[PDB]
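Only one structure is covered here, and it is reproduced in the block below.
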Amino acid sequence: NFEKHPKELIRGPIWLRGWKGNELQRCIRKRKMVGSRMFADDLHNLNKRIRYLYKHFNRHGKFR
Amino acid sequence: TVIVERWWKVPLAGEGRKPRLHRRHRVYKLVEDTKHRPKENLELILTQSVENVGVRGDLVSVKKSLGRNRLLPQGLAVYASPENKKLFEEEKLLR
Amino acid sequence: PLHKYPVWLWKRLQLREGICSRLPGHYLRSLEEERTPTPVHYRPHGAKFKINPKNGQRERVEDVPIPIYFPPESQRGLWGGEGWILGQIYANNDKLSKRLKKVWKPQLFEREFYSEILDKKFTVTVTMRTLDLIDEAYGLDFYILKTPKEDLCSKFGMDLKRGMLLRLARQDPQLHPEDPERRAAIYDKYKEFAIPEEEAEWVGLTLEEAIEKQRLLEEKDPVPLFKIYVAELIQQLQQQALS
Amino acid sequence: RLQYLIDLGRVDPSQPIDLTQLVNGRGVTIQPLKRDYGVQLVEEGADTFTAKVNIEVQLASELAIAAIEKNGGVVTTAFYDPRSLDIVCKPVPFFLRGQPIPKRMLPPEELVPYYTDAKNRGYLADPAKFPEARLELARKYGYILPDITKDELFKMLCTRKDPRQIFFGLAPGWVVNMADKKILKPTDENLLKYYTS
Amino acid sequence: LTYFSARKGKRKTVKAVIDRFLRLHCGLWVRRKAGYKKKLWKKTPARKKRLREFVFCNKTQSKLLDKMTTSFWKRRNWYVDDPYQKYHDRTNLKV
Amino acid sequence: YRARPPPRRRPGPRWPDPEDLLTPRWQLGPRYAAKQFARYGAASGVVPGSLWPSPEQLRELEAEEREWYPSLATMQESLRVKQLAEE
Amino acid sequence: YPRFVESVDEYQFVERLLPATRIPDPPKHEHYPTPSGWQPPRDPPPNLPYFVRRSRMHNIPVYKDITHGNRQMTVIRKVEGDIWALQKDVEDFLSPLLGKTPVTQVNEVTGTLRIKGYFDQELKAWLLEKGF
RNA sequence: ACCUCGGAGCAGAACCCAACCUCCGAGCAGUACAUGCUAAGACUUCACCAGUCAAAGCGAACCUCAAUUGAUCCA
RNA sequence: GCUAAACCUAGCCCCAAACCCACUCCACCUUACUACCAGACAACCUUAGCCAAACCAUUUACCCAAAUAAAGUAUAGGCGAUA
Ligand SMILES: [Mg+2]
Ligand SMILES: [Mg+2]
Ligand SMILES: [Mg+2]
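Protein chains in written order, with the authors' numbering: chain i, 65 to 128; chain XH, 53 to 147; chain XX, 2 to 244; chain XM, 100 to 296; chain 3, 94 to 188; chain q, 25 to 111; chain g, 35 to 166.
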């Protein structure tokens, strides 16, 4: 009788409870939702990661 | 108190959330310095009669320079405010 | 891993848990008010909604304050609602040119002023805007009492406010010896700004000296176990004599 | 498509047809977020048309108007703003909020002549001129004008909503509740004055 | 060009093609011929109108524009009295 | 094995602790209580009168609407004026 | 707080506004084919090796399909039973139109036919006069 | 020394063809002021950009030369 | 046949939940881990730049307070990249 959805049943992190995405999107979602609670060094590594991934996906590769 | 405004337009934000900033927004321009603006003589009521200004119970507009210099520190005049102008006008009526 | 709470909540959680937890509620409310200051360095939009000249369509607008710099001497001496503006600008008001690191600092003035309640003549570095707004307020003490704290932004002014409210709440003859008439006249003129004595004491203080005063209040030598046991034993012996 | 829906029997022509019933029959999906102010009638399907319905619309072509009036139906336009159209096309999500029925507003600076013309069958236009326009359309497209005053359901055909009213039954300021089904009015002088203004 | 955004992780359009071109839902693109407002006095009138008139685009640059633009600009729109409804859709085509 | 009990929505409203920081502010907001009322009926215990706008809210609303959204009289007046100018 | 008053009598309009969740059985029109060229299925159904069911909206499960921009076909979706008889029947039916026998593709798993070229209206009329 | 455009040969006969290969030139001028609007169909300087020809119709009377030149944004 | 080879544990990474630490025997700011004397010594300042734009000079996302959506829309922009 459609009281719940199968996405809210899974047990896992908070930045992904019924969601999929590449590593860039995952990291930016993680900082959007959890970056305030995150440790300093881990947040710095995450920022560096999103920066490298921006550079890679948008500047580097074939098909342009 | 110089007045400035931002060269770039800030991205609009919610009423509960404060905006994102950037040096693109740190950049400024000057619009007005409000010191070159022409002065405005302030109104004051003088108690003791003085030369060319007025007499007891009289109100008059005068220069900020002179007023802040010699009237107020000496205690001669006071601000043209409703706490006292009614007293001045009623004593004038008595006179 | 992660924290239970964010970082920007840590300071307020500390405010709630610790020595400061014993502080009254009004002081905490005052320090956590976070009320917007009066804009001095920009023209605020008269309306929240505005129509741009490009297209005939509505466009919501929200003013954005300027990150003013308040040096220590500004807090030592009442400047007003202004401070150093640190920023940068384009040369020859041309976007398509060189950017330059700019600093504006207002024109200060060392002037004398007197107050009837403190009965003392103070020397302070003030500004034309300060003079104009106190003239609008029809006296210094009026502005010092009616100042929204974020607009005054001067611990000197806040200390003046503290002392003045304390004196108004106490109604002390300390101020006017041999002039009860003048005393009562001034207190009646400034009657409406009055607030309780404890409020006047707590107001105008940062959390550091707040917790310091709280410690000075709470601190006291511990009553001896010997004394409290003598009391309990006298109670017990009274109960036994009763029974 | 209208004939298709009515002869499939999803929308009841006996009941006054309107945008809510259309969206419930899925005759047209609406995307107010994509700034679609409503639905328009078109010339296509004039033939094989026996609706007789009292359709409510925003836009209307003269061919559709003439066909519906020939078959005896009723056509009249009704401007809805984006938010009003949202509440109309999805009422239940709005009623899950609990805030009262909003008030419609007049058209913008441009469409007032459109919705006030009588040839247009604008809800703001005069009724006295609607017979005239019906007569010109009949005289144009060569079909007698059937007087719908005789049929038993002329009342149904002339059922209409005044501006600043979303639904035929409800009005602004009203609050609806479905869990423990109830309806609520303020009965405060200022509030009702506003919701009537 | 910006295959993934920094804030949302989505493609992002260049407003250049939006200002220069138009898309028809069939998948076609039109454009105003270049040099249509420059140096009209020396150009012969036939050239002047060849420049004034709209034209279409090659499939290559058509799909290039499609690649840089997003689906919002490729959707079906129902405007009022917009002259391009005659041409959004295609008729009597094979192969 | 008996299967775990079926997961189900929490019955009744969800009234969080306002003196609890990690709880967002949009729950403490009034619209939250309005949603709970409209969903779970009057069983929520929420006062119905609170959802309507205060007289101050109504005042600001009528002010802004009078300022921005004109009336039909002024509308047709401006139309006539501009049409006469064009003529 | 502001006052209010309750009512329940005006709930019929809300009941009207409540949307539906199942397709309604269409009404019994006194004469067919009703406008828009709709025609309900004959009863009793025809005794044949196969049978074609209608859709949720009580339409025929013929559709069209385009691929590569040029491959231009029509499909029958939900044939139940011996789909080979049906594909042979449509081949014999369409052979005079083209002068050649199609090379249609049958997926008896899903019960689908796939035929080059658009013949939607013709096949619809055919299935109607057959009474599916 | 040159960097763009046109004509001739190499490239003899549909098209195209390079070299710091050989020659001549251009970066205008002159006459009208329908040197107006629209429009089928075609050529195309090896892509695109650009650049060309033009039937018919409305409206009217009774362009030469070979290149003779410069996109977008912006003002 | 030597040199060698093989092992499976120590423990570790990501999440979730929950907020967290302080010999109180002596010693530790002078030259730290050093039992004992006259000083007036105190913090509050825009991040920049690489890189990208196939050079580079304006410009180039880097969070700060509900997940999705509106929306990569309105807008900004050597109206370019891009935001
Ligand atoms: Mg397909
Ligand atoms: Mg070519
Ligand atoms: Mg001719």
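Note that beta-carbon positions come from the ideal geometry of N, C-alpha and C, so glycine has one too.
Quick one: does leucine 195 (chain XM) have its CB under 9 Å from some CB of chain q? Interface residue, yes.
Taking C-alpha atoms, which residue in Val141 (chain XM), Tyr213 (chain XM), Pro285 (chain XM) and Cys188 (chain XM) lies nearest to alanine 165 (chain XM)? For the residues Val141 (chain XM), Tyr213 (chain XM), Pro285 (chain XM) and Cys188 (chain XM), the minimum Cα distance to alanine 165 (chain XM) belongs to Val141 (chain XM).
Alpha carbon to alpha carbon, how far is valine 83 (chain XH) from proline 90 (chain XH)? Give it in angstroms, no decimals. Taking the straight line from one Cα to the other gives about 16 Å.
Tell me whether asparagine 153 (chain XM) sits in a helix, a strand or coil according to DSSP, three-state version. Of the three classes helix, strand and coil, the one that applies to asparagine 153 (chain XM) here is strand, per DSSP.
Taking the C-alpha atoms as reference points, what is the distance between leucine 243 (chain XX) and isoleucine 229 (chain XX)? CA-to-CA, the gap between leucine 243 (chain XX) and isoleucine 229 (chain XX) works out to about 21 Å.
Just by C-beta distance, which residues in the region 87-114 of chain i are closer than 7 Å to chain 3? Cβ proximity to chain 3 below 7 Å picks out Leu88, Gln89 and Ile92 from the region 87-114 of chain i.
Run through the region 205-269 of chain XM for me and flag every whole alpha helix (DSSP H) of 4 or more residues, listed as ranges in chain order. Taken in chain order, the complete alpha helix (DSSP H) segments of 4 or more residues contained in the region 205-269 of chain XM are 211-215, 229-240 and 253-257.
Would you list, in chain order, the members of the region 176-189 of chain XM that have their beta-carbon closer than 8 Å to a beta-carbon of chain g? So nothing in the stretch comes that close.
Tell me the rounded alpha-carbon separation between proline 36 (chain g) and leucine 85 (chain q). Counting only the Cα atoms, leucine 85 (chain q) lies some 17 Å from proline 36 (chain g).
Tell me the DSSP bridge mates of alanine 129 (chain XH)? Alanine 129 (chain XH) has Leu98 (chain XH) as its beta-bridge partners, per DSSP.
Start-to-end residues for the beta strand (DSSP E) that takes in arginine 100 (chain XX): Run containing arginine 100 (chain XX): 100-105, per the beta strand (DSSP E) assignment.
What are the residues that DSSP puts in a beta bridge with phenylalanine 114 (chain XX)? Per the DSSP secondary-structure output, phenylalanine 114 (chain XX) pairs in a beta bridge with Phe123 (chain XX).
Which of helix, strand or coil does DSSP assign to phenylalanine 127 (chain i)? Residue state, collapsed to three classes: coil.
Residue from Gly68 (chain XH), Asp110 (chain XH) and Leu96 (chain XH) whose Cα sits closest to the Cα of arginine 147 (chain XH): Among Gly68 (chain XH), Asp110 (chain XH) and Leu96 (chain XH), the Cα nearest to that of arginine 147 (chain XH) is on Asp110 (chain XH).
Nearest CA to the CA of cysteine 21 (chain XX): which residue from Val231 (chain XX), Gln215 (chain XX) and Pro66 (chain XX)? Closest by alpha carbon: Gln215 (chain XX).
By the 10 Å Cβ neighbour count, where 16 or more other Cβ atoms means buried, how is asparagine 104 (chain g) classified, buried or exposed? The C-beta of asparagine 104 (chain g) has fewer than 16 other C-beta atoms within 10 Å across all chains shown, which makes the residue exposed.
Where does the unbroken alpha helix (DSSP H) through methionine 277 (chain XM) begin, and where does it stop? Segment: none, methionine 277 (chain XM) is in no alpha helix (DSSP H) and carries neither H nor E.
Inter-residue spacing [alpha-carbon to alpha-carbon] between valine 224 (chain XX) and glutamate 210 (chain XX): In a straight line, the C-alpha of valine 224 (chain XX) is about 27 Å away from that of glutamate 210 (chain XX).
Work out the CA separation of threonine 39 (chain XX) and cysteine 154 (chain XX) for me, nearest whole Å. Cα to Cα, the separation comes out at about 11 Å.
Using only Cβ atoms and a threshold of 7 Å, which residues come within that distance of a heavy atom of ligand 1? Order them by chain position. With the cut-off at 7 Å, the residues found are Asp99 (chain g), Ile100 (chain g) and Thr101 (chain g).
Which ranges does the alpha helix (DSSP H) cover as unbroken runs of at least 4 residues, wholly within the region 94-147 of chain 3, from first to last along the chain? Within the region 94-147 of chain 3, complete alpha helix (DSSP H) segments of at least 4 residues are found at 108-113 and 138-145, given in chain order.
By how many angstroms is the C-alpha of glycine 120 (chain 3) removed from the C-alpha of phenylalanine 147 (chain 3)? Their backbone Cα atoms lie some 16 Å apart in a straight line.
Through-space distance from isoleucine 114 (chain i) to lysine 280 (chain XM), alpha-carbon basis: It is roughly 51 Å from the alpha-carbon of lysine 280 (chain XM) to the alpha-carbon of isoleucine 114 (chain i).
Please list the partners that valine 42 (chain g) has in chain XM, where partner means a Cβ-to-Cβ separation under 7 Å. Correct list: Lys280, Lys281 and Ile282.
Between the Cα of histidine 118 (chain 3) and those of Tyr177 (chain 3), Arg104 (chain 3), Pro138 (chain 3) and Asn185 (chain 3), spot the shortest distance and give me the residue it belongs to. Selected option, being the one with the closest Cα: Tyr177 (chain 3).
How do the region 129-140 of chain XH and the region 8-26 of chain XX stand: do at least 3 beta-carbon pairs fall below 8 Å, yes or no? With a cut-off of 8 Å, the region 8-26 of chain XX and the region 129-140 of chain XH do not count as touching, because too few Cβ pairs lie within range.
May I ask which residues mark the beginning and end of the alpha helix (DSSP H) holding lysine 81 (chain XH)? First-last for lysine 81 (chain XH): 80-84, but that is the beta strand (DSSP E), not the alpha helix (DSSP H).
Output needed for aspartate 120 (chain XX): all residues of its chain with C-beta closer than 7 Å, excluding positions within five of it in sequence on either side, in chain order. For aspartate 120 (chain XX), where only same-chain residues beyond five positions count, the Cβ hits under 7 Å are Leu176.
From the beta carbon of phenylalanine 194 (chain XX), is the nearest beta carbon of chain XH less than 9 Å away? It does not; no Cβ of chain XH falls within 9 Å.
Indicate the three-state DSSP secondary structure (helix, strand or coil) for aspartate 136 (chain XX) in the structure shown. Secondary structure of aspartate 136 (chain XX) (DSSP, three-state): helix.
Going along chain q, which residues have a C-beta under 8 Å from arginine 37 (chain g)? Taking a Cβ-Cβ threshold of 8 Å, the residues of chain q close to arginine 37 (chain g) are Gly73, in chain order.
Is there a Cβ from chain XM that is less than 9 Å from the Cβ of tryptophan 39 (chain q)? Output row for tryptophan 39 (chain q): interface = no.
Please name the residue in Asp116 (chain g), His65 (chain g) and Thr55 (chain g) whose C-alpha comes closest to that of residue 167 (chain g). This structure does not reach residue 167 (chain g), given that chain g is present from 35 up to 166, and the question cannot be answered.
Can you tell me which of the three DSSP states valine 41 (chain XX) falls into? In the structure shown, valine 41 (chain XX) sits in coil (DSSP, three-state: anything other than H, G, I, E or B).
Measure how close the beta-carbons of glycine 221 (chain XM) and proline 58 (chain g) come, nearest whole angstrom, since I'm counting them as under 8 Å. Going by Cβ atoms, the distance from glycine 221 (chain XM) to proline 58 (chain g) rounds to 33 Å, so no, they are not a contact pair.
As assigned by DSSP and simplified to three states, the class of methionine 102 (chain i): In the structure shown, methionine 102 (chain i) falls within a strand segment according to DSSP collapsed to helix, strand and coil.
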